[PDB]
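To begin, one chain is listed below as structure tokens, in the form deposited in one PDB entry.
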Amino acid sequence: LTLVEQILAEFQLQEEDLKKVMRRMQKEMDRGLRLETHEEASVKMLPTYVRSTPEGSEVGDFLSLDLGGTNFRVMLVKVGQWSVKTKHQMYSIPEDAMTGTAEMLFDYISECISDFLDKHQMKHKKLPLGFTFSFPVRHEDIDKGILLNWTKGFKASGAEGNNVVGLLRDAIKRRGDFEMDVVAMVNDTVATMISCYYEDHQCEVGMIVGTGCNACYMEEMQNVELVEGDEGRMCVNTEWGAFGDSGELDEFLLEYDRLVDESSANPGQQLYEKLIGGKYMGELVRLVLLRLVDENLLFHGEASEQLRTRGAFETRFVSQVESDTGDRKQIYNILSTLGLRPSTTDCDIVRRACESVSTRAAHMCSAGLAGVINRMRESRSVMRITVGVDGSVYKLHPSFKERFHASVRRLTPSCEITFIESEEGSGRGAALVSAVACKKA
């Protein structure tokens, strides 16, 4: 074995390593659900106030917001023998509107809503609005929720500890250009699950593998100790990205993981997500390549100023390197632009490094989902379940979903799992929750 492959081997996780991760995820999930341990629990298991229901929704036009990254989305969902039609617009949030105040961020969002309404000839219409807000929140109801903390590099001031729906409403009123009834606020896991439920009624799990990584599932109300009642089920936002925040993953953490965390916007937070999320994947690869260079095993021990810059190795490059046919052309072109003159062997090392990071991400992720699924099987006493999935890592990365599917099946012995790749899920599902909520409001 080459010294390179001896270093890459550190990413490997045995079936027993994954079973240990899965069991600990289940223990941490149990801790978040119980009133006695909820405050100390790293995995928060936050109640969403989205309850189980077999009823049809309200008919009409529903507006949707999807805030969870730099690219923000506004959707119009037309609900009408049910038919669900969508119209969207994408918006890139500038750095100044993501690092300033919450007011600045919500004013940018409102400006985009106004633009959407203009482009779709509906500035004079007062519509119900579903808001997908992909950050940890403590809900008081389906339409009231306090931001616990920012994740994925978001850092707008005056948002944490405040009602997110109130910040949205305040920004709309300050603008005075249009009117809207914010009827619902959901996590993107929740919106993905709801959106996929419309296609398949067996869907009771929502999972995101994009910039960040999280999961939601339909929990029995008696197990949801933070909401009074035992009748029916409620969707629970695990916020499993925070798994490992109380040492649960310390035995598995590599030097690359510590460095990624130390230089991140949230040191010591979202440690499990930092192993999987597309926000960190490219950076993990960069750090690995630099260790190989420093050990005189890659690029003749010489790295460019670009390769030595945090963020230079983009998560899309990881996906691109793995999509290479074998001629090493795609790999060469990524590395040439990065200011390197790589050999055929260097290109191959880069691919092996990308595969080591992405395979670990898929495996670590499968241990988490297996924990949720096996926990559901036990609560419901051969389990047939559908999991709704969204995110660029799962949808676009070569063989991420293949490795993840295989690994998750190995870990869930008496379960028959169906995966639904959600197209617009993260946004459409907020409008569907809004349409169901509207029955009462």
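Definition used throughout: the rigid core is the maximal C-alpha set that superposes within 1.5 Å between two forms. We number the residues from 1 along the sequence you see.
This protein has a second form, the form deposited in another entry, left out of what is shown; the following refers to that one.
For the listed set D200, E251, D230, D115, the sole C-alpha moving 2 Å or more between the shown form and the other one on a rigid core superposition is that of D115. Core-superposed comparison between the shown form and the other one: the Cα of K125 travels 2 Å or more. For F106, the Cα coordinates differ by 2 angstroms or more between the shown form and the other one after the core has been superposed. Once both forms are fitted on their core, the CA shift for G326 between the shown form and the other one remains under 2 Å. Relative to the shown form, the CA atoms of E55 and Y197 are pushed 3 Å or more farther apart in the other entry. Figure legend: C-alpha atoms of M364 and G69, shown here, are separated by at least 3 angstroms more in the other entry.
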